[PDB]
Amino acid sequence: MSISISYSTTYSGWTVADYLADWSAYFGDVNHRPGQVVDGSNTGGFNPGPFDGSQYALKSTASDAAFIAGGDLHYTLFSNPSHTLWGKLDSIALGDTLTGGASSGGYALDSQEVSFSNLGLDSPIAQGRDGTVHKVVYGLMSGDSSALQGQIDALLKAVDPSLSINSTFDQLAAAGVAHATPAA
């Protein structure tokens, strides 16, 4: 039930907020918007798809940045409420160089830098694009991780009120929340 965080040792002295502000800018905005959608460039993909998955994953068009959203995710395409991502969001993994897909046993990052697990997010279809899951993941598409940052901040303060996204990964490891992974 408590948030679990992984981090490359390279980021031990970073705050969660500072990492996510840089990651959002580094991945940038893939411009997934009317008249700008480009299949195979800014659509990403579901595992197993075609419009549902245990994972949704996308590579940046600006850098090698990529994310994988994990849970039980559903996309409505044209159906009311149109262009909604909803369902369960358990995890976000951030790093460089997306590989794999359904046929490989899932998506994976060549270089996973940071992950957030046990997010416990569950948004119903009826909330449409106002659902927390939709806003969290769309923010990762579009260079604004505010929604994710606020959910993590809330989950940390729920483990212990001394913790926040202004904590360093090292501090969160000392608190038992975070776990160091190998450096690239």
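Superpose the two forms; the largest set of C-alphas matching within 1.5 Å is the rigid core. Numbering starts at 1 and runs along the sequence shown.
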> Following superposition on the rigid core, is the mean squared CA displacement, expressed as RMS, greater for 53-61 or for 40-48 in 6 other deposited structures of this protein?
Replying inline: 40-48
> Between 97-105 and 70-78, where do the CA atoms move more in 6 other deposited structures of this protein, taking the root mean square over the structures and residues after a core fit?
Replying inline: 97-105
> Which has the higher mean CA temperature factor in the PDB entry, 74-82 or 91-99?
Replying inline: 91-99
> Where do the C-alpha atoms have the higher mean temperature factor in this entry, in 35-43 or in 22-30?
Replying inline: 35-43
>> Split into thirds by Cα B-factor across the chain's modelled residues, where does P48 land: lowest, middle or highest?
In response: middle
> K157's Cα B-factor: lowest, middle or highest third of the chain?
Replying inline: highest
> Split the chain's modelled residues into thirds by Cα B-factor; is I3 in the lowest, middle or highest one?
Replying inline: middle
> Thinking about Cα B factors across the chain, which third does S123 belong to?
Replying inline: middle
> Considering only modelled residues of the same chain, in which third does the CA B-factor of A175 rank: lowest, middle or highest?
Replying inline: highest
